[PDB]
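Encoded as structure tokens, the structure appears first; notes follow it.
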Amino acid sequence: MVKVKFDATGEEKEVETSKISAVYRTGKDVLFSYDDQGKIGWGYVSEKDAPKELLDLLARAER
Amino acid sequence: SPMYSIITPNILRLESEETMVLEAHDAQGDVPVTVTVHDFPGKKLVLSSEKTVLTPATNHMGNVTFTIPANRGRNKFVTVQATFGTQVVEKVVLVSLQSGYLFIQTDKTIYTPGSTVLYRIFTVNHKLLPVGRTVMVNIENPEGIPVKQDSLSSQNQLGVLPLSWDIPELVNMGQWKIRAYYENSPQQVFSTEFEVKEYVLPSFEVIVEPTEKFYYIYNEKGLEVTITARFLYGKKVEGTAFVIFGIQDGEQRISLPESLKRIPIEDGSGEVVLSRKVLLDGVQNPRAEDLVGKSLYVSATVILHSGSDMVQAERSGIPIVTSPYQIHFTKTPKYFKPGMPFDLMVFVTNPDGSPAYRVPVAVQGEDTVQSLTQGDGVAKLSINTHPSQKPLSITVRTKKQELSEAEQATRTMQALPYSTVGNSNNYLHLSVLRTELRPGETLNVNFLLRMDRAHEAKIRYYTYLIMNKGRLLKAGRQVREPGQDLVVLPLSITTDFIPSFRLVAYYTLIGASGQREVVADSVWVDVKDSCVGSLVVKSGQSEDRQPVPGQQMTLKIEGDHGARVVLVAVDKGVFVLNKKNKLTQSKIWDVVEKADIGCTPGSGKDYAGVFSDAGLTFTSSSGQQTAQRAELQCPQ
Amino acid sequence: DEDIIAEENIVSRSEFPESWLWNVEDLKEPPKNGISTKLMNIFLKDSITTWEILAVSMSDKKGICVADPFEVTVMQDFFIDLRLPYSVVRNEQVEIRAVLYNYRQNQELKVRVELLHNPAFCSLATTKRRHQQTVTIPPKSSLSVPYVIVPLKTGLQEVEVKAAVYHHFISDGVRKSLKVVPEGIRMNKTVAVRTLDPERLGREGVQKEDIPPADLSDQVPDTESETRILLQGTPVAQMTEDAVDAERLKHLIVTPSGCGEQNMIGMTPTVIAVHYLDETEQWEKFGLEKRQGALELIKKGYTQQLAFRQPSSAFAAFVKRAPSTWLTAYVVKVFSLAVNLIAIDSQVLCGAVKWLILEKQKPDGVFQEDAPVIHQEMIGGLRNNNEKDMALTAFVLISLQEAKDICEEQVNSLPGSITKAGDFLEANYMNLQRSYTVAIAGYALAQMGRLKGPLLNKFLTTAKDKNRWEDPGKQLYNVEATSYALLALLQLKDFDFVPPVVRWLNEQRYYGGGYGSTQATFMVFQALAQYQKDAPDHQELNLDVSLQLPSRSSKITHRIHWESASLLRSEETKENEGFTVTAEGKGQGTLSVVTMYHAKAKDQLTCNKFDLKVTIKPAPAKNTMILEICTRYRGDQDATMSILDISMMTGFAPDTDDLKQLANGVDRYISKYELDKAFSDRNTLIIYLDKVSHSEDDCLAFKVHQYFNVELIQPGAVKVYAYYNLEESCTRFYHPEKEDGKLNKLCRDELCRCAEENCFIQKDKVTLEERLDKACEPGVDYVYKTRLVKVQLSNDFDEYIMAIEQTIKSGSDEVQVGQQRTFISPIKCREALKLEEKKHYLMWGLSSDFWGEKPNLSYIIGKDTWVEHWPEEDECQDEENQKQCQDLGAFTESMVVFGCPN
Ligand SMILES: *[C@@H]1O[C@H](CO)[C@@H](O[C@@H]2O[C@H](CO)[C@@H](O[C@@H]3O[C@H](CO)[C@@H](O)[C@H](O)[C@@H]3O)[C@H](O)[C@H]2NC(C)=O)[C@H](O)[C@H]1NC(C)=O
Ligand SMILES: *[C@@H]1O[C@H](CO)[C@@H](O)[C@H](O)[C@H]1NC(C)=O
């Protein structure tokens, strides 16, 4: 369970951690790739709204 | 199918070096390219003299610089031809007659009859750089009537034309114009005005500004104003002050005679108020809300306690407003990429159109992502998109903690889906941190890819191009190894990226339906505005105290080596009477922000619609090219 | 007194520029620390303010760079701000403040500020007695010193007050100039507005419209009269019916397919599409891209058709068909000026023109129509069996004309051919009926200029009221026919007769591309392309317009033409006279002549929105006079607040309890700052009013006290203005010994000299010994014995008319012993003069005391003029008279007998 917000209408997709393609960082915030329908879909998530699973998969792929 | 792409700027400039980008995609060996430029129609070959051979040791990128000389509604064009051995790639690009910009300094803002007006015209091309053209000058009167027409060339004067016109004693009192324009470009005219008048430099200046820079209609404390009164030599003024207020919508004013108040100036500072009762009564007795979108002025008249001297000064523009703030999506791309994240460049101003600092702004709703405005009065705000090709309606708000929710400004906007070849639903996005960029810093530019995994192997590079001052500043490649869904560009900003730059990128592939496809996207990047070089003026003379009349001092002039500096001292008296049409580097940049061939903050409908909208003509050897550019101005 | 800087040893602050340092110092110094440091020693001006230096940098590497404004602050512990206006009206008495600024931390200074006498100004300053006031200013403060004066001299004039501190070395002298202006007001006036056309006006010559000088009947004396002349030279744009829409020309881009003629008819229109769109630069709204995509076709149509080229340099229908006259004749014409469009083999064309004249034309000058092009519908109106040898011959000669200029080298034999047939179509083109064949043949010669009056006005007449040529038949026959004709009209350059034909075309809205349009299509659009490059909107402009001015010695000629920008030539004389203008050339310009001066004064001065009355009378320390100020608003409703800016009379200050009274007023208020300024040195004062009435006169007065007894006390003043505009306001002066607060000045119409001074020479003390020594200077010019006829004592100056008796020393006035003469004195110089009628009077005076010039000139009594009540001989017999008489009689002889030294 990693949650992706849509502040336009305030919806919530839930992405399975295993399905994630790769995790990258923008300043504070975090920004990863899906595997939607073999389409390489995306998802930005705010520093404030970063869960641990995602910060972890990042700190790996980083340092 | 090897594909050969030509990238030129949208509208070319004449007797100026502009540069076009040569690329061959999937190209064995080193390919030859000879760049030709003919007039339209026909074949004068006015600058075909440009040749080059692009290698696989640059991966088939490379360019040739050329200057189109010189001479021979009204709209001229040229056909640009880049032939790769067998293959001919030719575009027709609009061309600007208009040589560059003119800026005209006067030694003062306001003059008497009998005095000479020293004026200077700076002759500089589209890239802010000194030039040698012939320019005619006109001196219109408060009704345009050229009361002296000159015509000098700046050749070897290095951009600077020092002129003079003495004003006859029997002159038509009022608001005099000067009008300069390059001898080749009668339509590129450039104006600066100077009030002619009887007058005598005051003793003191008067500074009137309120507690606020606006009236909050529901602030029963009324529009408080402090008055200031200083002798031009610094010491404070003892006197008395006559101040009166008035509403104005829009051109017409309406004095509020009830609001006429007389106050002593003690230690050079008085304070006067305009009650809400006075204002409401004054208008019409109407409803406070009727009056929003109007504005008021205040009008202070300070007479010394001797009587010898008195000074007028008015602060105008004080707008009456519901919300201390304004949210403009004027910097924000109006095209999103289905699925990919959508970045908004929220721009918040004060009512007085000054940029707001530390203003929490957020997408409309409850616990929404909330970003703070830079010094730019720009915040950023990234929002996740759905895969649907539906229109996107986003509302933003101010989230300032002190302001009531009624008091919070709003603005709604609407991005359209980036249209896509064969509905491939391949996209490209470009993310960047929207801090304030200062040159000698590095910007990281995040090229996000969004196609299906199945063809993503082939995407091996992006081509990235940087527009600045309506000209290709530089460009190159950004490599990407398979499974690299985001690659990051380390962009070194130089003192050449001022006052801003556009970056437009494109990857291409022969994907989906055995047809070539170009994907693209632009981003605009405001740089921290300031001088390319530096110049300062300061006291060579150490400390002293106040330099005494008629005495000598020294002046340190720390400027760019091998440059012509020009000076003028002006008794600050003049600037109590009239402080308009002064030259500020800032006014200059404003000019070059208008003269932008780029007319979109970012992105664009199709691949084509990105390049035109960022001021570029892409055009390939596969039939695939930007729409033709006809309008020398940004279509409104 | 003493222990204080000597006034003479004070250099005053002269220089007060509003801008300066217009300097242009380059930067060449070794670039140490990434940035060239130029040091620049500058000398500041004496203006005590804050300067704002604004540098601009220009580097061919770094571009332009506007530096941040640097402020410098000139300042001084003690100084005078001399507060002038901009300008003063000549003979209008006004008061100037000079404010003294003791900016010491904890030290008052005993100062003596002093106005310097200028002869250009009437004031309580004069050569013999200076204007010194001593005043001490408290620490970190400023006292205001008023100076009431009259400007008598026109132009810029210079006031100069100074000051030094007693016991200390601290002085400051100023001298700002100000504009003194002639009594009157600004006034423009239109001398003349003539119209500048050399074609219509002054027919067949050079237009010479005779402009007067100005009227200037109101024109105040000694005032500049600038005659603003302007030669605005208008343009004229002869509207040309503009081109057919790109959108209707879409269907003319066909991909040339077929054989011999069918390939040809394919290519025919797409050629002319380009050539039109070329000259109407309509490629924009058409689509720039579409050109090269279409241009592709013509190449292919040219190349394809060359394989319909018989090895005789000739063009057949089929692969091997019997060669044609016409088909060949046409492709000669279509290629003829598709040469500019696509470089074509100048051998394959001029070698193909060569074949047609060789084996298809004989001595008569005709061309064979054995040219069966299968479908003869492309051919046009030559298919019909009438004038086929006369009509074709005219068309086929057209094909020679378009490819005439290019081929005249490659084949030199051809030029001969063209000319020869040119005759055979000149002789025979008079007896033709068909209005097709009329029009083609009319073009053929008109090209070669062979068509003058005779056969011109046969072809011309066929024109249906100058709109179309045609007959009964195919309606596309008439359209192609009309065009051929048109081409001629602009070939023979009759722009008069042209336009209305063009309209009849755009009426038919013909765009072509239909069964048998080939020759109709082409011809139409070729004619409309020719037209548009021949077409003038440029209505010939060229003006050699000059006018030899009476004023300047060197003429002013101007050259206003088209493809010239500067359309507003102008020069402005400062003297006013009449002057003719030479106007020759072609076009339409504009001569207007304006003139500014000083129109004479209506409702008086700048004081007609505020009536006030100032009353000075004594009351029942030392002196104490009550000052009553009565104002009223010259308007329609009670005014807002307004200012009462008062000046005290020299050595005065108002009662402190009488100001206490006034402040506690429902509509009155004085600043406590001026109430807690003790008699210290309070000689200025401001009393603010909340509302001045328009209906009653709101008065009030207060006591003043004589703080210091200095004689010759200057008149005070009371200026009263509304807060919102100082400009419109009325100051009035006041003085106990004078009438209304104005200084004694003798003023005669415009001229004004100053009379604030002694009345006669200030010397029973009347030694003859010395009297005679001081009698003979270069100065004195008239020694007279005289006798008062009549006295004219009044309100102004009091004129004494003095009968000349015997003239001792004559000056520059032709005089007898009987010539009566006018001597004038200030009213004030009544008591001191004590004059009487039919009196023996000694009156030796000083030259340039002469009011007007011969013979209305009148001797003024003066600070340098001398007077004596000469005793009557018959009553010299007194022994307290006889002492005087003697000395006087001793003088009278000893002066005149010989004369004075030299
Ligand atoms: C268009 O053509 C011009 C001229 O060929 C290109 O400018 C040139 O670009 C090269 C490579 O980017 C520059 O080399 C650089 O030198 C700097 C040192 O200042 C170094 O830091 C970089 O790593 C790089 O090696 C070269 O100086 C420059 N030459 C000039 C301006 O005269 C331009 O980039 C071309 N753009 C494209 C899209 O091809
Ligand atoms: C002439 O003076 C009048 C008076 O106001 C003014 O309206 C007009 O504009 C002036 N015209 C010129 C040419 O000075």
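Residue numbering in chain B adheres to Swiss-Prot, whereby the residues present occupy positions 23-94, 101-664 in order.
Technique stated in the header: X-ray crystallography, 3.4 Å.
Each Cβ is built from the backbone N, Cα and C atoms, and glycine gets one as well.
Here is what Swiss-Prot records for this protein:
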- B:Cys627-B:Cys662: disulfide bond (DISULFID)
- B:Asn85: N-linked glycosylation site (CARBOHYD)
- B:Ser38: phosphoserine (MOD_RES)
- B:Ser70: phosphoserine (MOD_RES)
- B:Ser297: phosphoserine (MOD_RES)
- B:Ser303: phosphoserine (MOD_RES)
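Feature map: annotations from Swiss-Prot on the structure.
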residue: B:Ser38; record: phosphoserine; contacts (Cβ under 8 Å, 6+ apart): B:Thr89, B:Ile90, B:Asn153, B:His154, B:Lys155
residue: B:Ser70; record: phosphoserine; contacts (Cβ under 8 Å, 6+ apart): B:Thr56, B:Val57, B:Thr58, B:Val59, B:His60, B:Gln109
residue: B:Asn85; record: N-linked glycosylation site; contacts (Cβ under 8 Å, 6+ apart): B:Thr41, B:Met42, B:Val43, B:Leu44, B:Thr74, B:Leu500, B:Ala503
residue: B:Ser297; record: phosphoserine; contacts (Cβ under 8 Å, 6+ apart): B:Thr254, B:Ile255, B:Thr256, B:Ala257, B:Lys264
residue: B:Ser303; record: phosphoserine; contacts (Cβ under 8 Å, 6+ apart): B:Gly250
residue: B:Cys627; record: disulfide bond; contacts (Cβ under 8 Å, 6+ apart): B:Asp641, B:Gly643, B:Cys662, B:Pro663
Gap length 6 residues; flanking Cα-Cα distance, B:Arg94 to B:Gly101, Å | 18
Here the 10 Å Cβ neighbour count for B:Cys662 (disulfide bond) comes out at 14
Taking the recorded positions B:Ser38, B:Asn85, B:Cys627, which residues show a Cβ-atom distance to ligand 1 below 6 Å?
-> B:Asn85
